[PDB]
Amino acid sequence: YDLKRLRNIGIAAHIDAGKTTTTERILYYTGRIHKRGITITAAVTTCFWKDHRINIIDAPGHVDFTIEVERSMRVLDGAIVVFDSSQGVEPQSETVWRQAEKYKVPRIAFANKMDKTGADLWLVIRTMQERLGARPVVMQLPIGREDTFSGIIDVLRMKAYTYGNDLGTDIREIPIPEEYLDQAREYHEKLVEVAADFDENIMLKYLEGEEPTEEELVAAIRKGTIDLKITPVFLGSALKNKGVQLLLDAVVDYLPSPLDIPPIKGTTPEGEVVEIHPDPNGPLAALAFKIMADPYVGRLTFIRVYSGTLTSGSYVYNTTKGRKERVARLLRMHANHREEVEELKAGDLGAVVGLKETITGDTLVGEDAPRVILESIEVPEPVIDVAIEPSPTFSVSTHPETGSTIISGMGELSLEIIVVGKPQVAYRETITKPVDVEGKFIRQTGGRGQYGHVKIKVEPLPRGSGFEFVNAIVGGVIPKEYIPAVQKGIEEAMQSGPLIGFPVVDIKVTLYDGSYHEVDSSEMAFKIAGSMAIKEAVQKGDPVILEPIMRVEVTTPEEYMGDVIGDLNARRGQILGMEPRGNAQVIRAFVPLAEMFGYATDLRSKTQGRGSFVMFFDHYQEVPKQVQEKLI
Ligand SMILES: Nc1nc2c(ncn2[C@@H]2O[C@H](COP(=O)(O)OP(=O)(O)NP(=O)(O)O)[C@@H](O)[C@H]2O)c(=O)[nH]1
Ligand SMILES: [Mg+2]
């Protein structure tokens, strides 16, 4: 174990770019030494390359636009960004890129599919400059083109490589062929010129015409990469097994260890925000980031250790839940087998066996360690509903729309992870003026007399105040044995209101009068009496509809910046602010959830596919008269 030799990485790309085949070839090359039909299912997979441990953190999720991604991004240290060489940086690659600096994560690029017709390194470079404002450094040059792509020039070390087959079984270092020498020389000088910006010493040699050392140049490019200022570009063909080992070399060379990235923050008991340094002999602090029901050992919990050491066969403490846990065994997942380990130290990742109450996002500490918390406990709201009848916001409930069960969540595509219904907004209903009404069920039904009679007062309560019920009955006017029945009825009717059928929310109900019959009264009669009363009260109380208003962040290139604002205002929005993020602009806005349906598509049609958005429930508000009348 040595912290400097760890490379915690994620591979990021468009859906067609080659993330999976680049991953699997990586696992191939890394596992040849010493060491059924599946798509690699393991949140973190460990492997070895030139005396370094590479932990590949997978981010499957789904549509990868979710806020779930930031956990994946906080658990890894660096990224390889994979471009498809025919296209340059792609609309989503532009968003995928936009996520990475949104999280201060050092990245290298991999210009993939260099074998495919259209493949052009230069189109990748120029578009990274123009669209992403990236400052790419040309680290490699291709030998041949498309179908003739056969070799790669390393312009840092001025070496070339040629590939005999497409199988990854024949690699040979070769001299830079003569017709690429001028270009190679020219791009070497450019790379020295970049490196000179990060090392005074190198600038001087550049001016004097002295060649710097491999070590210096690698260091200077490493500095700039980690400092987020440059992006070394590498190229190849994962499918035709060319460029992959040189990519792995670049992971070691330029990507950060856990010491190279600023440390994670924690909230202590006393409430302060403290930094936590990767010290293995410090107290234990770990974060769970995915749970898997694997067959062989049952519930697995994957963790990243930030400080201290997690030991097999000991007790830990879950600070997010306030609970003892027994770590029965610790495991690592390799490409073909699982390994039982005695411990897991700071800066490392693995899986734990035997945990019971630990969910993803939860903090684990040593038994006598400081009780710190790493991820804000915020528990979001249930704003969308889906009738899916043919705990992390896949909540399941049963109420109105008899014989239909619902899956409530938030974020159109974001709640859609379990998903035969269509997405509906969670409207509420309330009154705007106090009323005073009666409920009366006086009937001959079911072999006997039935009689219930309640009078209630109903007021609206400040927005968000909830429900209040008061019983102001005097001298058994309604017999005491029946009050629970009438409460029960009031509650039942408040589940479905008068305008559109949704729960009633911010009202105060006061039961103040009524009457009964000495033989004919019963619990059933007073239940219905109360239910009748509240229905009438909500109709008479000049009722209004409350919709949820979302907080929205849209990131868009400046040229479309006028067209998006136009569109947001057409969606009954209010434009709150606008602060830049790279050569992009982020527009914050309030907008109704009713107006955000299929927004991902309109934004991409008004933005040439390069803009994206995130969304959060903020508050309930009334619909204007127009929208209410129309909501029928
Ligand atoms: N010509 C060529 N095709 C490639 C290369 N790498 C991948 N492909 C092809 O491109 C397609 C996408 O592969 P894949 O690894 O699934 O990409 P992905 O980004 O993982 N897909 P997704 O994210 O949707 O699961 C496949 O047909 C794959 O074989 C390459 O280097 N050259
Ligand atoms: Mg894939």
| Residue by residue through segment 28-33, which ³J(HN,Hα) values in whole Hz follow from phi under the Karplus form 6.51 cos²θ - 1.76 cosθ + 1.60 (θ = phi - 60°), with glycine and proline marked x? | 4, 4, 6, x, 5, 5
| How far is the Cα center of segment 170-214 from the Cα center of segment 291-328, in Å? | 49
| Whole-Å distance, taken between Cα centres, linking segment 75-127 and segment 502-555 | 56
| Got a sec to turn the phi values of segment 597-604 into Karplus ³J(HN,Hα) couplings, 6.51 cos²θ - 1.76 cosθ + 1.60 with θ = phi - 60°, whole Hz, x for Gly and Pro? | 4, x, 5, 3, 7, 6, 4, 5
| note | Whole-percent tail of the Cα-Cα distance distribution for segment 547-628, cut at 21 Å, equals 24
| Across 20 Å bins from the origin, how do the percents of Cα pairs in the chain run, short distances first? | 16, 39, 29, 12, 4, 0
| note | Long-range amide H partners of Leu461, meaning residues 5 or more apart or on another chain whose placed amide H is closer than 5 Å, are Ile507, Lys508
| remark: Taking only C-alpha positions in segment 131-223, Rg and Dmax in angstrom work out to 15.0, 45
| field | Local net charge near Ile534, Cβ-Cβ under 10 Å (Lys/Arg +1, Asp/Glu -1) | value | -2
| Theoretical ellipticity at 222 nm over the chain - DSSP helices of four or more residues, -39500 (n - 2.57) apiece, nearest 500 | -7000 deg cm²/dmol
| said: Just to check I understand the Karplus step: with θ = phi - 60° and J = 6.51 cos²θ - 1.76 cosθ + 1.60, what whole-Hz values come out for segment 306-321, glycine and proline as x? | reply: 9, 9, x, 9, 9, 9, 4, x, 10, 8, 10, 10, 7, 6, 6, 10
| query | When the distances between all Cα atoms of segment 382-498 are binned every 5 Å from zero, what whole-number percent does each bin get? | reply | 2, 8, 15, 16, 13, 13, 12, 10, 7, 4, 1, 0
| said: Taking 8 Å as the Cα distance limit and 6 or more residues as the minimum spacing, I'd like the relative contact order of segment 547-628 as a percentage. | reply: 46
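Quick note: the coordinates plus some simple rules give every number you see, no bench work behind them. Positions of Cβ are generated from backbone atoms using ideal geometry, with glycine treated the same way; all protein chains shown enter the neighbour counts.
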